[PDB]
>>> print(open('final-v6.json').read())   # JSON, C-alpha atoms
[["chain", "number", "residue", "atom", "x", "y", "z"],
["A", 1, "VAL", "CA", -13.68, -20.81, -37.91],
["A", 2, "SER", "CA", -13.55, -22.91, -34.73],
["A", 3, "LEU", "CA", -11.52, -26.07, -34.19],
["A", 4, "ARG", "CA", -14.66, -28.22, -33.98],
["A", 5, "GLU", "CA", -16.04, -26.80, -37.23],
["A", 6, "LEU", "CA", -12.83, -27.81, -39.00],
["A", 7, "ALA", "CA", -12.85, -31.19, -37.26],
["A", 8, "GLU", "CA", -16.36, -31.83, -38.59],
["A", 9, "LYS", "CA", -15.20, -31.16, -42.15],
["A", 10, "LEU", "CA", -12.42, -33.71, -41.67],
["A", 11, "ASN", "CA", -14.81, -36.13, -39.94],
["A", 12, "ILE", "CA", -12.79, -36.33, -36.71],
["A", 13, "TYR", "CA", -13.30, -35.03, -33.18],
["A", 14, "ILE", "CA", -11.20, -32.43, -31.37],
["A", 15, "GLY", "CA", -11.68, -31.97, -27.66],
["A", 16, "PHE", "CA", -10.57, -31.55, -24.06],
["A", 17, "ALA", "CA", -10.63, -32.86, -20.49],
["A", 18, "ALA", "CA", -13.16, -31.10, -18.24],
["A", 19, "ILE", "CA", -12.02, -29.96, -14.79],
["A", 20, "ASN", "CA", -13.89, -31.02, -11.62],
["A", 21, "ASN", "CA", -17.07, -29.01, -11.01],
["A", 22, "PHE", "CA", -16.38, -26.73, -13.98],
["A", 23, "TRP", "CA", -19.96, -25.47, -13.69],
["A", 24, "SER", "CA", -19.23, -23.84, -10.32],
["A", 25, "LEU", "CA", -15.82, -22.29, -11.05],
["A", 26, "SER", "CA", -15.49, -18.58, -10.29],
["A", 27, "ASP", "CA", -15.06, -18.17, -14.06],
["A", 28, "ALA", "CA", -17.36, -21.03, -15.12],
["A", 29, "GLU", "CA", -19.12, -18.85, -17.70],
["A", 30, "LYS", "CA", -15.95, -18.05, -19.63],
["A", 31, "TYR", "CA", -14.60, -21.59, -19.28],
["A", 32, "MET", "CA", -17.79, -23.16, -20.65],
["A", 33, "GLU", "CA", -18.12, -20.65, -23.49],
["A", 34, "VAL", "CA", -14.63, -21.34, -24.82],
["A", 35, "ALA", "CA", -15.24, -25.08, -24.47],
["A", 36, "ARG", "CA", -18.51, -25.17, -26.43],
["A", 37, "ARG", "CA", -17.13, -22.87, -29.13],
["A", 38, "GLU", "CA", -14.04, -24.97, -29.88],
["A", 39, "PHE", "CA", -14.68, -28.65, -29.06],
["A", 40, "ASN", "CA", -16.94, -31.58, -29.95],
["A", 41, "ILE", "CA", -15.68, -34.29, -27.57],
["A", 42, "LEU", "CA", -15.30, -34.18, -23.78],
["A", 43, "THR", "CA", -13.51, -36.32, -21.21],
["A", 44, "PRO", "CA", -14.28, -35.76, -17.51],
["A", 45, "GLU", "CA", -10.82, -35.21, -16.00],
["A", 46, "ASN", "CA", -11.55, -36.95, -12.67],
["A", 47, "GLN", "CA", -15.26, -37.32, -11.97],
["A", 48, "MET", "CA", -15.85, -40.70, -13.63],
["A", 49, "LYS", "CA", -12.90, -42.21, -11.73],
["A", 50, "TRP", "CA", -13.38, -44.75, -8.94],
["A", 51, "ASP", "CA", -13.05, -42.52, -5.87],
["A", 52, "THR", "CA", -15.75, -40.16, -7.12],
["A", 53, "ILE", "CA", -18.23, -42.52, -8.80],
["A", 54, "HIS", "CA", -17.89, -45.48, -6.42],
["A", 55, "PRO", "CA", -16.80, -43.98, -3.04],
["A", 56, "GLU", "CA", -17.94, -46.93, -0.92],
["A", 57, "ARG", "CA", -18.33, -50.62, -1.74],
["A", 58, "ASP", "CA", -22.13, -50.38, -2.05],
["A", 59, "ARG", "CA", -22.52, -46.70, -2.96],
["A", 60, "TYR", "CA", -22.49, -45.10, -6.42],
["A", 61, "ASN", "CA", -22.44, -41.35, -7.09],
["A", 62, "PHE", "CA", -23.13, -40.51, -10.74],
["A", 63, "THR", "CA", -24.14, -36.94, -9.90],
["A", 64, "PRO", "CA", -20.91, -35.15, -10.95],
["A", 65, "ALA", "CA", -20.42, -37.27, -14.09],
["A", 66, "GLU", "CA", -24.01, -36.64, -15.18],
["A", 67, "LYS", "CA", -23.30, -32.90, -15.20],
["A", 68, "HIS", "CA", -20.37, -33.57, -17.56],
["A", 69, "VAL", "CA", -22.60, -35.66, -19.83],
["A", 70, "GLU", "CA", -25.39, -33.08, -19.70],
["A", 71, "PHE", "CA", -23.00, -30.30, -20.75],
["A", 72, "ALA", "CA", -21.62, -32.40, -23.60],
["A", 73, "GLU", "CA", -25.07, -33.36, -24.94],
["A", 74, "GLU", "CA", -26.40, -29.82, -24.72],
["A", 75, "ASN", "CA", -23.42, -28.58, -26.71],
["A", 76, "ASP", "CA", -23.31, -31.30, -29.39],
["A", 77, "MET", "CA", -20.24, -33.08, -27.97],
["A", 78, "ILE", "CA", -19.74, -36.83, -27.64],
["A", 79, "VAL", "CA", -18.41, -38.13, -24.31],
["A", 80, "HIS", "CA", -15.19, -40.05, -23.64],
["A", 81, "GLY", "CA", -15.31, -42.06, -20.39],
["A", 82, "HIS", "CA", -12.27, -42.17, -18.09],
["A", 83, "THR", "CA", -11.40, -44.63, -16.64],
["A", 84, "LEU", "CA", -12.74, -48.03, -15.55],
["A", 85, "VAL", "CA", -9.57, -49.82, -14.38],
["A", 86, "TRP", "CA", -6.54, -47.96, -13.02],
["A", 87, "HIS", "CA", -3.98, -48.23, -10.20],
["A", 88, "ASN", "CA", -4.09, -44.65, -8.91],
["A", 89, "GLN", "CA", -6.65, -42.82, -6.81],
["A", 90, "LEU", "CA", -8.48, -45.91, -5.66],
["A", 91, "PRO", "CA", -10.80, -45.56, -2.62],
["A", 92, "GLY", "CA", -9.92, -46.78, 0.84],
["A", 93, "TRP", "CA", -12.38, -49.67, 0.68],
["A", 94, "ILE", "CA", -10.14, -51.07, -2.06],
["A", 95, "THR", "CA", -6.65, -50.14, -0.81],
["A", 96, "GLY", "CA", -7.38, -50.64, 2.88],
["A", 97, "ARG", "CA", -7.94, -54.41, 2.81],
["A", 98, "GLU", "CA", -6.36, -57.60, 1.50],
["A", 99, "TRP", "CA", -8.09, -59.34, -1.42],
["A", 100, "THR", "CA", -8.22, -62.76, -3.05],
["A", 101, "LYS", "CA", -8.51, -63.31, -6.80],
["A", 102, "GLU", "CA", -12.18, -64.33, -6.70],
["A", 103, "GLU", "CA", -13.25, -61.40, -4.51],
["A", 104, "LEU", "CA", -11.46, -58.70, -6.51],
["A", 105, "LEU", "CA", -12.71, -60.15, -9.80],
["A", 106, "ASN", "CA", -16.31, -59.83, -8.56],
["A", 107, "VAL", "CA", -15.59, -56.28, -7.41],
["A", 108, "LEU", "CA", -14.13, -55.39, -10.81],
["A", 109, "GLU", "CA", -17.02, -56.89, -12.80],
["A", 110, "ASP", "CA", -19.60, -55.19, -10.57],
["A", 111, "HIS", "CA", -17.95, -51.79, -10.98],
["A", 112, "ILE", "CA", -17.55, -52.04, -14.76],
["A", 113, "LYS", "CA", -21.06, -53.32, -15.46],
["A", 114, "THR", "CA", -22.71, -50.79, -13.13],
["A", 115, "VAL", "CA", -20.85, -47.76, -14.48],
["A", 116, "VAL", "CA", -20.98, -48.75, -18.15],
["A", 117, "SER", "CA", -24.66, -49.75, -17.96],
["A", 118, "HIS", "CA", -25.56, -46.46, -16.27],
["A", 119, "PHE", "CA", -24.28, -44.44, -19.23],
["A", 120, "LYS", "CA", -25.13, -46.98, -21.94],
["A", 121, "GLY", "CA", -25.42, -45.25, -25.30],
["A", 122, "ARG", "CA", -24.42, -41.87, -23.84],
["A", 123, "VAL", "CA", -20.66, -42.44, -23.58],
["A", 124, "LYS", "CA", -19.27, -43.25, -27.03],
["A", 125, "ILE", "CA", -15.72, -44.13, -26.01],
["A", 126, "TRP", "CA", -14.44, -45.78, -22.82],
["A", 127, "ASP", "CA", -10.89, -45.92, -21.45],
["A", 128, "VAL", "CA", -11.44, -49.46, -20.16],
["A", 129, "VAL", "CA", -7.92, -50.19, -18.92],
["A", 130, "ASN", "CA", -5.51, -47.33, -18.18],
["A", 131, "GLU", "CA", -1.72, -47.59, -17.72],
["A", 132, "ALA", "CA", -1.42, -51.35, -17.11],
["A", 133, "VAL", "CA", 2.18, -51.55, -18.39],
["A", 134, "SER", "CA", 5.29, -50.44, -16.50],
["A", 135, "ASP", "CA", 7.97, -48.15, -17.87],
["A", 136, "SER", "CA", 10.22, -51.18, -18.28],
["A", 137, "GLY", "CA", 7.97, -53.06, -20.70],
["A", 138, "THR", "CA", 6.34, -55.43, -18.20],
["A", 139, "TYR", "CA", 2.95, -55.64, -16.48],
["A", 140, "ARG", "CA", 2.46, -52.91, -13.88],
["A", 141, "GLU", "CA", 2.32, -54.49, -10.41],
["A", 142, "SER", "CA", -0.97, -52.85, -9.41],
["A", 143, "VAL", "CA", -3.48, -54.29, -6.95],
["A", 144, "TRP", "CA", -5.39, -55.71, -9.94],
["A", 145, "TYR", "CA", -2.42, -57.51, -11.47],
["A", 146, "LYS", "CA", -0.90, -58.69, -8.19],
["A", 147, "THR", "CA", -4.24, -60.13, -7.03],
["A", 148, "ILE", "CA", -5.85, -61.39, -10.23],
["A", 149, "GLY", "CA", -3.02, -61.91, -12.70],
["A", 150, "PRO", "CA", -3.04, -60.67, -16.34],
["A", 151, "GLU", "CA", -6.59, -61.90, -16.98],
["A", 152, "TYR", "CA", -8.10, -58.81, -15.33],
["A", 153, "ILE", "CA", -7.42, -56.92, -18.57],
["A", 154, "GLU", "CA", -9.20, -59.32, -20.94],
["A", 155, "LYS", "CA", -12.09, -59.62, -18.46],
["A", 156, "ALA", "CA", -12.47, -55.85, -18.06],
["A", 157, "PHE", "CA", -12.93, -55.46, -21.82],
["A", 158, "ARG", "CA", -15.38, -58.35, -22.18],
["A", 159, "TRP", "CA", -17.51, -57.10, -19.28],
["A", 160, "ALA", "CA", -17.59, -53.53, -20.61],
["A", 161, "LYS", "CA", -18.66, -54.71, -24.08],
["A", 162, "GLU", "CA", -21.47, -56.74, -22.50],
["A", 163, "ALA", "CA", -22.72, -53.66, -20.64],
["A", 164, "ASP", "CA", -22.66, -51.55, -23.84],
["A", 165, "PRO", "CA", -22.02, -53.32, -27.20],
["A", 166, "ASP", "CA", -22.09, -49.98, -29.03],
["A", 167, "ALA", "CA", -19.35, -48.37, -26.93],
["A", 168, "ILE", "CA", -15.88, -48.09, -28.46],
["A", 169, "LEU", "CA", -13.50, -49.69, -25.96],
["A", 170, "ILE", "CA", -9.85, -48.65, -25.78],
["A", 171, "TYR", "CA", -6.60, -49.22, -23.89],
["A", 172, "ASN", "CA", -4.99, -45.92, -22.84],
["A", 173, "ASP", "CA", -1.38, -45.21, -21.82],
["A", 174, "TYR", "CA", 1.51, -42.75, -21.77],
["A", 175, "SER", "CA", 4.96, -42.84, -23.36],
["A", 176, "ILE", "CA", 3.93, -45.32, -26.05],
["A", 177, "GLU", "CA", 3.68, -42.87, -28.97],
["A", 178, "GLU", "CA", 7.02, -44.02, -30.38],
["A", 179, "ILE", "CA", 8.20, -47.54, -31.10],
["A", 180, "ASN", "CA", 9.99, -48.54, -27.87],
["A", 181, "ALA", "CA", 10.06, -51.28, -25.23],
["A", 182, "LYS", "CA", 6.82, -50.07, -23.64],
["A", 183, "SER", "CA", 4.76, -49.75, -26.84],
["A", 184, "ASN", "CA", 6.21, -53.04, -28.10],
["A", 185, "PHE", "CA", 4.78, -54.72, -25.00],
["A", 186, "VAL", "CA", 1.45, -52.96, -25.54],
["A", 187, "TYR", "CA", 1.44, -53.96, -29.20],
["A", 188, "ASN", "CA", 1.94, -57.66, -28.38],
["A", 189, "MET", "CA", -0.54, -57.43, -25.50],
["A", 190, "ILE", "CA", -3.31, -56.08, -27.75],
["A", 191, "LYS", "CA", -2.47, -58.32, -30.70],
["A", 192, "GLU", "CA", -2.88, -61.30, -28.37],
["A", 193, "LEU", "CA", -6.11, -59.97, -26.85],
["A", 194, "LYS", "CA", -7.68, -59.49, -30.28],
["A", 195, "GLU", "CA", -6.51, -62.93, -31.48],
["A", 196, "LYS", "CA", -8.52, -64.28, -28.54],
["A", 197, "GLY", "CA", -11.55, -62.28, -29.66],
["A", 198, "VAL", "CA", -11.36, -59.72, -26.84],
["A", 199, "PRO", "CA", -13.26, -56.52, -27.73],
["A", 200, "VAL", "CA", -10.39, -54.02, -27.81],
["A", 201, "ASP", "CA", -11.74, -51.55, -30.38],
["A", 202, "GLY", "CA", -8.96, -49.00, -30.17],
["A", 203, "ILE", "CA", -5.85, -47.58, -28.57],
["A", 204, "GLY", "CA", -5.28, -44.26, -26.87],
["A", 205, "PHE", "CA", -1.98, -42.37, -26.89],
["A", 206, "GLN", "CA", -1.97, -39.84, -24.03],
["A", 207, "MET", "CA", 0.59, -37.58, -25.71],
["A", 208, "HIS", "CA", 1.96, -35.97, -22.55],
["A", 209, "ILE", "CA", 5.08, -34.60, -24.26],
["A", 210, "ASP", "CA", 7.30, -31.52, -24.07],
["A", 211, "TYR", "CA", 8.52, -28.81, -26.45],
["A", 212, "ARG", "CA", 11.15, -31.19, -27.86],
["A", 213, "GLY", "CA", 8.41, -33.24, -29.51],
["A", 214, "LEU", "CA", 8.89, -36.85, -30.60],
["A", 215, "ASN", "CA", 10.84, -38.89, -33.10],
["A", 216, "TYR", "CA", 8.22, -38.34, -35.81],
["A", 217, "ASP", "CA", 9.31, -41.21, -38.05],
["A", 218, "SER", "CA", 8.91, -43.62, -35.13],
["A", 219, "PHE", "CA", 5.52, -42.12, -34.23],
["A", 220, "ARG", "CA", 4.31, -42.55, -37.83],
["A", 221, "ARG", "CA", 5.46, -46.17, -37.98],
["A", 222, "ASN", "CA", 3.91, -46.91, -34.59],
["A", 223, "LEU", "CA", 0.54, -45.48, -35.64],
["A", 224, "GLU", "CA", 0.67, -47.66, -38.74],
["A", 225, "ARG", "CA", 1.32, -50.95, -36.95],
["A", 226, "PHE", "CA", -1.44, -50.35, -34.42],
["A", 227, "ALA", "CA", -3.87, -49.37, -37.18],
["A", 228, "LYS", "CA", -3.10, -52.65, -38.95],
["A", 229, "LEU", "CA", -4.30, -54.58, -35.90],
["A", 230, "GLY", "CA", -7.70, -53.22, -36.89],
["A", 231, "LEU", "CA", -7.71, -50.57, -34.16],
["A", 232, "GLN", "CA", -9.24, -47.10, -34.08],
["A", 233, "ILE", "CA", -6.72, -44.56, -32.77],
["A", 234, "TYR", "CA", -7.26, -41.74, -30.28],
["A", 235, "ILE", "CA", -4.88, -39.03, -29.05],
["A", 236, "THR", "CA", -6.36, -38.66, -25.56],
["A", 237, "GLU", "CA", -4.51, -36.36, -23.13],
["A", 238, "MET", "CA", -2.30, -34.09, -25.18],
["A", 239, "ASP", "CA", -0.24, -31.30, -23.65],
["A", 240, "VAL", "CA", 3.12, -29.89, -24.65],
["A", 241, "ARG", "CA", 4.90, -28.69, -21.53],
["A", 242, "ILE", "CA", 7.55, -25.97, -21.64],
["A", 243, "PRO", "CA", 10.09, -24.81, -19.01],
["A", 244, "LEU", "CA", 8.81, -21.97, -16.83],
["A", 245, "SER", "CA", 12.22, -20.33, -17.22],
["A", 246, "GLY", "CA", 14.09, -18.75, -20.13],
["A", 247, "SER", "CA", 12.46, -17.17, -23.18],
["A", 248, "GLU", "CA", 8.75, -17.99, -23.23],
["A", 249, "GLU", "CA", 8.59, -16.69, -26.80],
["A", 250, "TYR", "CA", 11.12, -19.30, -27.93],
["A", 251, "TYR", "CA", 9.34, -22.15, -26.16],
["A", 252, "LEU", "CA", 5.84, -21.24, -27.38],
["A", 253, "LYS", "CA", 7.20, -21.25, -30.93],
["A", 254, "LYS", "CA", 8.61, -24.76, -30.44],
["A", 255, "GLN", "CA", 5.31, -25.77, -28.83],
["A", 256, "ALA", "CA", 3.43, -24.62, -31.93],
["A", 257, "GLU", "CA", 5.79, -26.52, -34.25],
["A", 258, "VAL", "CA", 5.31, -29.68, -32.19],
["A", 259, "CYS", "CA", 1.51, -29.36, -32.20],
["A", 260, "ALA", "CA", 1.45, -28.74, -35.95],
["A", 261, "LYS", "CA", 3.61, -31.78, -36.70],
["A", 262, "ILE", "CA", 1.56, -34.13, -34.49],
["A", 263, "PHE", "CA", -1.67, -32.99, -36.16],
["A", 264, "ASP", "CA", -0.11, -33.26, -39.63],
["A", 265, "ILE", "CA", 0.91, -36.88, -39.00],
["A", 266, "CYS", "CA", -2.32, -37.89, -37.27],
["A", 267, "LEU", "CA", -4.53, -36.50, -40.04],
["A", 268, "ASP", "CA", -2.59, -38.57, -42.57],
["A", 269, "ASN", "CA", -3.62, -41.82, -40.88],
["A", 270, "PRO", "CA", -7.37, -42.51, -41.33],
["A", 271, "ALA", "CA", -7.42, -44.67, -38.19],
["A", 272, "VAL", "CA", -7.04, -41.62, -35.94],
["A", 273, "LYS", "CA", -10.59, -40.66, -34.97],
["A", 274, "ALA", "CA", -10.04, -37.89, -32.44],
["A", 275, "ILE", "CA", -7.41, -35.67, -30.83],
["A", 276, "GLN", "CA", -7.93, -34.23, -27.34],
["A", 277, "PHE", "CA", -5.83, -32.04, -25.05],
["A", 278, "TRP", "CA", -5.75, -32.64, -21.29],
["A", 279, "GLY", "CA", -7.56, -29.36, -20.67],
["A", 280, "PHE", "CA", -7.42, -26.25, -22.87],
["A", 281, "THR", "CA", -6.38, -23.22, -20.76],
["A", 282, "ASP", "CA", -3.08, -22.94, -18.86],
["A", 283, "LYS", "CA", -5.18, -21.64, -15.95],
["A", 284, "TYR", "CA", -6.37, -25.21, -15.34],
["A", 285, "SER", "CA", -3.70, -27.83, -15.98],
["A", 286, "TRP", "CA", -2.28, -30.83, -14.10],
["A", 287, "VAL", "CA", 1.18, -30.16, -15.57],
["A", 288, "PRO", "CA", 2.65, -27.66, -13.04],
["A", 289, "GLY", "CA", 1.92, -29.97, -10.13],
["A", 290, "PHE", "CA", 3.22, -33.15, -11.78],
["A", 291, "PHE", "CA", 6.15, -31.92, -13.89],
["A", 292, "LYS", "CA", 8.18, -29.69, -11.56],
["A", 293, "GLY", "CA", 9.55, -26.62, -13.32],
["A", 294, "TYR", "CA", 7.20, -26.96, -16.31],
["A", 295, "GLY", "CA", 3.81, -25.62, -17.39],
["A", 296, "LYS", "CA", 2.01, -23.45, -19.96],
["A", 297, "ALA", "CA", 1.29, -26.64, -21.90],
["A", 298, "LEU", "CA", -2.12, -25.91, -23.44],
["A", 299, "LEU", "CA", -3.97, -24.06, -26.22],
["A", 300, "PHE", "CA", -5.05, -20.87, -24.42],
["A", 301, "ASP", "CA", -3.26, -18.81, -21.78],
["A", 302, "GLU", "CA", -4.55, -18.01, -18.27],
["A", 303, "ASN", "CA", -6.73, -15.23, -19.72],
["A", 304, "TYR", "CA", -8.28, -17.56, -22.31],
["A", 305, "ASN", "CA", -6.33, -15.87, -25.12],
["A", 306, "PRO", "CA", -5.20, -18.21, -27.93],
["A", 307, "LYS", "CA", -1.51, -19.15, -28.02],
["A", 308, "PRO", "CA", 0.77, -19.76, -31.06],
["A", 309, "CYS", "CA", 0.02, -23.50, -30.99],
["A", 310, "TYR", "CA", -3.72, -22.84, -31.41],
["A", 311, "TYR", "CA", -3.21, -20.99, -34.69],
["A", 312, "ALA", "CA", -0.66, -23.53, -35.92],
["A", 313, "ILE", "CA", -3.11, -26.39, -35.42],
["A", 314, "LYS", "CA", -5.96, -24.48, -37.07],
["A", 315, "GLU", "CA", -3.81, -23.79, -40.14],
["A", 316, "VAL", "CA", -2.88, -27.48, -40.47],
["A", 317, "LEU", "CA", -6.55, -28.45, -40.29],
["A", 318, "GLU", "CA", -7.51, -25.86, -42.92],
["A", 319, "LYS", "CA", -4.69, -27.10, -45.15],
["A", 320, "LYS", "CA", -5.90, -30.71, -45.01],
["A", 321, "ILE", "CA", -9.44, -29.64, -45.90],
["A", 322, "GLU", "CA", -8.19, -27.71, -48.93],
["A", 323, "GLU", "CA", -6.07, -30.61, -50.21],
["A", 324, "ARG", "CA", -9.19, -32.76, -50.04]]
>>> encode(input="final-v6.json", output="structure tokens")
Amino acid sequence: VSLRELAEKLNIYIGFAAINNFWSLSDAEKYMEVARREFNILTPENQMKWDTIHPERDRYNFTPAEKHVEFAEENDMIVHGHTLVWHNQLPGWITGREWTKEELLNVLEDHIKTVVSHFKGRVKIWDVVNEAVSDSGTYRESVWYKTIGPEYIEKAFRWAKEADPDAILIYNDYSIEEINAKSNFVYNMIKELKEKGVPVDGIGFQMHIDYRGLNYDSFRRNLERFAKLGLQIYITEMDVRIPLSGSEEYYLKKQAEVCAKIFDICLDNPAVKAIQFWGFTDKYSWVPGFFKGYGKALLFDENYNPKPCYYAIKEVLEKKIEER
């Protein structure tokens, strides 16, 4: 039984992030086969981002993203868009010049409406605003915030909902799984947005954690408070990094325990609608390059062979189905 088959029985989605030009990889055939066999939701890792989809002020390139959508549709997967507003990897036409509030607001609205309208009805979930809060519990001083002020967030959501009323719009961020200064800020930010009628349909927890896991009680309580705001919950970029030194056997065992616990807790909260990993094979992962000294954070090894965490997750899913 595949992960997606089990997900269907529990009425949730389980998926991954698709690497750039996955269709032309030297091992594209094997990569795509594992993907279609196991998952029912796909997030383009980079090809829906600004620098790829909107390379010049008046130029739009949907070509790569369309291949991601085509693959998903052909293999019965829904698509998760990523991401409309972010501070990293912005094109030179944005970072290379000074802006005024009015000019950047027009730029932001134009981008959001064009991109969202282009995939209207084909992308079910959109990461509208990504990582807008600093790691100190304050607004991140990005070009958007510094130029426009906090209103860019509320406006991004309203514009996206206008372009596609049926799309589920979410705020996505890292290190906010537990109750802490950062998630507290996010909680108040979203509570306030929804009080004002802003269309924030859900929240996304990236889940970029390590073999040590999380404070599970805090995670459970945090999921509960966000669910009570009337939000759908998504685990969006999960990976459980382990040290590339020491006993791999020991770390993969801890990795499996962590994955099993996260799934156990998520499945117990009906607001969680999907769980995705930021890739699926250790052969293709952003972890080694970002977290020095770490890696082997995914479900399958470099040879596409399932790891301990894969079986652990599957058993948890099967257990939930039986109890129901």
>>> residues_around(input="final-v6.json", residues="residue 319 (chain A)", least_positions_apart="4", cutoff="12 Å", atoms="only C-alpha atoms", output="number ranges by chain")
A: 6, 9-10, 260, 263-264, 267-268, 312-315, 323-324
>>> atom_distance(input="final-v6.json", atom1="CA of residue 28 (chain A)", atom2="CA of residue 300 (chain A)")
15.4 Å
>>> atom_distance(input="final-v6.json", atom1="CA of residue 294 (chain A)", atom2="CA of residue 211 (chain A)")
10.4 Å
>>> residues_near_point(input="final-v6.json", point="(3.3, -52.0, -20.0)", cutoff="9 Å", atoms="all atoms listed in the file", output="list in words")
residues 131, 132, 133, 134, 135, 136, 137, 138, 139, 140, 173, 181, 182, 183, 184, 185, 186 and 189 of chain A
>>> atom_distance(input="final-v6.json", atom1="CA of residue 41 (chain A)", atom2="CA of residue 216 (chain A)")
25.6 Å
>>> closest_residue(input="final-v6.json", among="A:73, A:237, A:177, A:164", to="residue 126 (chain A)", atoms="all atoms listed in the file")
A:164
>>> axis_aligned_box(input="final-v6.json", around="region 170-176 of chain A", padding_each_side="6 Å", output="AutoDock Vina command-line options")
--center_x -2.4 --center_y -46.0 --center_z -23.9 --size_x 26.8 --size_y 18.5 --size_z 16.3
>>> residues_near_point(input="final-v6.json", point="(3.4, -26.3, -33.5)", cutoff="12 Å", atoms="all atoms listed in the file", output="PyMOL selection string")
chain A and resi 210-213+239-240+250-264+297-299+307-316
>>> closest_residue(input="final-v6.json", among="A:159, A:195, A:170, A:291", to="residue 208 (chain A)", atoms="only C-alpha atoms")
A:291
>>> closest_residue(input="final-v6.json", among="A:46, A:270, A:110, A:122", to="residue 72 (chain A)", atoms="all atoms listed in the file")
A:122
